[PDB]
Each structure stands twice: as C-alpha cells, then as structure tokens.
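Have a look below at one chain only, the form deposited in one PDB entry, in structure tokens format.
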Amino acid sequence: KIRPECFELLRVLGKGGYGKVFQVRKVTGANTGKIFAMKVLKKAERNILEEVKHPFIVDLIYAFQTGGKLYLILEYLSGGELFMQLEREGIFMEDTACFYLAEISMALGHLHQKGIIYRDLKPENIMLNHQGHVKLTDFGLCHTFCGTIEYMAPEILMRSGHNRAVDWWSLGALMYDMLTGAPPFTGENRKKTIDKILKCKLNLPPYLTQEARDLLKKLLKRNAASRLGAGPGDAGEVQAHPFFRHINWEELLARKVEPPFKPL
C-alpha cells in the first residue's frame, strides 16, 4: 500500500553513504500533506532504526523496497545540524554545551542498552528537531577513514577491537569542540592528525571550569577501559559527573527543558 509515489520530492537534504536524503511531502493517506525525510539507498541501518525508540533518536515511520532502491521514511528534523549552531556561535557557553551533551548521553545510553555503537559524534551528524532537541539520525555505512576522523577513538583508528567506550571518547571530543572551537587533536595533514590522537596528549584550556576540565580528562583517554562511561554504569556514570549537576534528567528526557537555541 505504501510506495515511492506516495511522496513527492521537495528538496535534497543530503547525500551520504551511497544514498540521497530528500525532504518529501506525503500525498496519500491520513498523513496527506505531512512532511518527512526520505533516504533512498541504491541496492543494517534500517534494523537499528526499527529497533530504537527514544526522544533523542530519529523516528522511522515507513520502510520499504521497490525496484532496486531501499526507502526509509524518517521524521523531518527542521532544526538542522547541531554543527550549524556551533559554526555560528564559535564557542558554546558551558550551559549550552551541557544541555546538548546531556541529551546526547541519554541517547547513547539507550543505544548501548540495545548493543548499538554510534562511533562518530561529529556535530555534522547531530541533528536537531523543530524544538531544538537532539536527534541521532545517521547510522548509515558512510569506511573508517573516508571522512574526518577527529571525533573517533584511537582504538577505532588502529583497528584493534573496541566497544561502547569509543562513544564516550567521541562525546569528549565533541565536548572539546564545543568549548574550544576545534576538536582535541588536529594535525597539519591526515597522518599527523592520527598520530596526535594515538598519543592522546590532552591540552585542557585553562579557562574551562574545573568540572568541565575533569569530565574532559576522564572522557578523552587512550585507555578505553578506564574512560568514564566505559564502566557498567555506562551513561549513568557520565551523567553522574558534577559537570551535569544542574541537569534534571527526568525533565530533560521529557523534553521539558528549554534548548539554548530555537531554530527560528
């Protein structure tokens, strides 16, 4: 019943992996006129999206294959890349960063509960819904060195086996990027960047609060097993940190906390 011609294309939202993502309008059904995003993959990701149900992870609405293509219909996230906020702000105040990192952490917990690893928390991959809340959305295939590797754990870069700990590293890299204006370890070229990540000689800016510095130091560690969040408490361990002292969690999850930016 549901099929590719139930939607008209409005614009291209992005290429990536081996697919296109369109903003579309549904023209049939009760949801006639309702707006969505549609990822078209030219014949995994669908399984992850089917399994998840979290306020901070994107909703899969319809999925189907017809012809060669595989079609995933996802909620439209008019809020945009979190990346665009950071780009305009230059550097987030810790209040701002804390909000986003707090929501991302609950999403990360949910995924790890399902045995899912996100690998790469680059801010271009974090989307915002219309209210300005966090949505993890891209669980596609793209392949490790194809894009930027600056938010990835060293044990991912030198393929030596890894688990959910890589995600807490990436949270720290992102946090560093939010607070300083660039990711922790940047080379002049590719090879020099990689080496800098492996050596993991962390440079804490003197201006960050003690809480902000201590969380960064516990997240960005070469030894995966000893990262905050690498332990059995996973996201709870991280959410416990005094950097997240003002975070009413039950309300954050309920999306009753107001985001630092309303894309509007």
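Only residues modelled in both forms are compared. In this text, the rigid core denotes the largest set of C-alpha atoms whose superposition between the two forms falls within 1.5 Å. A residue's number is simply how far along the shown sequence it sits, counting from 1.
One more form of this protein, deposited in another entry, exists but is not displayed; see below.
Core-based superposition between the shown form and the other one leaves all of 73, 157, 107, 97 but one with CA shifts under 2 Å; the exception is 157. The distance between the CA atoms of residue 160 and residue 227 is at least 3 Å shorter in that other deposited form than in the form shown here.
Look at residue 117 and residue 160: in that other deposited form their Cα atoms come 3 Å or more closer than in this form.
After fitting on the rigid core, only one stretch of 3+ residues whose CA atoms all move by 2 angstroms or more between the shown form and the other one is found, at 147-162.
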